[PDB]
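Two forms, one protein chain; structure tokens for each follow separately as structure 1 and structure 2.
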Structure 1
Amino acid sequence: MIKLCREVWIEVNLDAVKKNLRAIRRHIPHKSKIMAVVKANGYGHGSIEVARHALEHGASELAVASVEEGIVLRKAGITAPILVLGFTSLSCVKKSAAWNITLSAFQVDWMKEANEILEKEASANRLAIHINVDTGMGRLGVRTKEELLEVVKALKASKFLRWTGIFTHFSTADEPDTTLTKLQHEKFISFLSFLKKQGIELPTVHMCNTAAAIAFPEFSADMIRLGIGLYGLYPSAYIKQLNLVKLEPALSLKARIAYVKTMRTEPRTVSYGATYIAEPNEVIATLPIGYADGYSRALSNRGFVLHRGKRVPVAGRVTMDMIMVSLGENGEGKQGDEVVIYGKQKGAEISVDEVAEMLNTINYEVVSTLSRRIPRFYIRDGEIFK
């Protein structure tokens, strides 16, 4: 059994990750590759071991949010293509080329300036580039086919740069009204047709996130970007209710009870603000998770955890490192008992989706804000490591 000083931990089930990759692979066209999106520490699951597992079981490439995230993966021994999805300052072009990290860009000046930097440095490696086309997300990317053509030309004239992809991002592919997604797809294809009409040969074309991969597998083109689905989580209730691909949640969050007491003497106030008053025979268990771990303070007097297969409520306010839960009057519980904060236990389950609904957010935020001070353990072929 697990030995920790502070007994809170994450379990990432890599067998589920493999099953999730397999389900997406079996759904999308055979020719389409899979780019596993492991930005933000693998959506809080741990980027290194999720990326390693994905590449063993179906993925060809990786996506991250920054050069620094890509370098962490290279230092783990990973040789697969790694795309930075956001903006990379020209200050890191030299470093990105040396680590064989692929950068997104979409402006003539950036292309020309990056080339000149690598020229001046006598760079040993060329820098791989994907062009972002903004078709309605409004975040990053080139927005007109005229300007796109100039960006392509600047990239092609840059001998120290290497064009390896072109992509766009859907902003509402997880919604019931598909109008905007079809307009974006139509616009993207129009831009790509414009380039081909100029005789330009296209590199790897990718546009689908998890939502469009499930709902519009025919848009998979050369490659899709599998993010939330890799982790066994759906991009929206609507996509889940399509019932087209079966995903298995990979992440659980657990702890062991640090202390158990009956509230026999007064005062029976519990936690900050004294917002909860226990009964004289009520049993209160203290757990080593709090809002600095990413367990939202808005779950104060609201959240649930699983103990011995049953939902027991948070009592009083969440504190920075600890919560208290009620085991009820003369409730049964002991120090050391395992508690499930997100996940399954015996018959019961408190899913990340249910926590997100309670907090009026999305599963993406619940998992990707799990603090790095929580250790992560990995299950593969039914057994733990790391």
Structure 2
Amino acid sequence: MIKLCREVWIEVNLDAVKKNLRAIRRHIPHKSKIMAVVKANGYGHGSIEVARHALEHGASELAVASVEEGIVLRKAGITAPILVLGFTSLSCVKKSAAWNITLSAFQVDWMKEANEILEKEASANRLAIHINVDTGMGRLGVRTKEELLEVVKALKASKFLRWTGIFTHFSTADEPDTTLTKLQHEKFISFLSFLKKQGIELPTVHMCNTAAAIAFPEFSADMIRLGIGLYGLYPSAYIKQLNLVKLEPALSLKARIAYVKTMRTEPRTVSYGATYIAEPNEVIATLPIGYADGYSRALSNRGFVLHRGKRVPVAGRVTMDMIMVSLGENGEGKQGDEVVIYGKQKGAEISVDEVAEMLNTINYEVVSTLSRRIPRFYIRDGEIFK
């Protein structure tokens, strides 16, 4: 069924993804669109297959972190609009227009130089642009209404650029104190209305993320940007509280046992530093995953895996490519049994939220640091492919 030389892999359930998008579509207003966020290799899930599926079941645009992530999607066949969320260098203006990637921009001088570059060539490639307004994130974007007016005029004069959006970003919308989130919203609404008093007509307006759309659905306007909710995970434990939308997690991680032995002979030391010594009756099983795959070294002598429906512990330090687990005295286990690292087995579970809690971080980082050297398999309609 699954045949590998080194026996470790990931499974992505695409029937879960479709349900997560149903739930969201049926929460926000009917007049709002969905932009699916698939940067950082689909948050560790794989960007190509998730985008393809999301476009068939409710989304109409995509977002990525860089031009290079967008070009991978065009070569897979996708003709939908693609927006780049970070900052793009002027030396990629010609390539973005050629592949028809939408760029973010917020400076008067960037606009003119990008216009002159496409004018010194020709090509019916007009470059599409979204303007970023910084209302409190403090990362990228324009920050005063006088400055925004200068950028909008510099762009409306530029014959080879085309204005298709304006957005902002909320920095604390996953928290129970809503003070700063409403501040940001008032500031954005006033800037937009100042443009209206001057006779300027507005394109697509977007501002919400996963937490903003669950919590303040009346901020949806034209479009939202759905990210972490696409993959079946909640922005914060607090947003899980409200109990407004039901999501189902899409990823799990598995391996097969490589060797089993009893520690009868001496010495009975295990792994680097010899931080663990076994009984003469203890059974030790070896597994093919290590910290270079993204399984944190801080889980030395601390973590768990599921074998035959029960949790067994890591024994000794984590190494680059393998870990050892203890089956205890008596023992019971064979070369080739299936183990679950994240996910479910019978009626037991080790969830990604649990591991992130144990390591003092967030679920976002646990999934998106899973190495590309692990192969990905996709389930759709109960059957497996790649």
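Each residue is numbered by where it sits in the sequence of structure 1, with counting from 1. Rigid core here is just the name for the largest C-alpha set that superposes within 1.5 Å across the two forms.
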Handout entry: Rigid core fit between the two structures: Cα deviation of residue 369 in angstrom
Key = 0.6
Handout entry: Inter-form CA displacement between the two structures at residue 124 - rigid core frame, Å
Key = 3.0
Practice task
Any chance you could measure the C-alpha shift of residue 155 between the two structures with the core superposed, in Å?
Solution key: 1.5
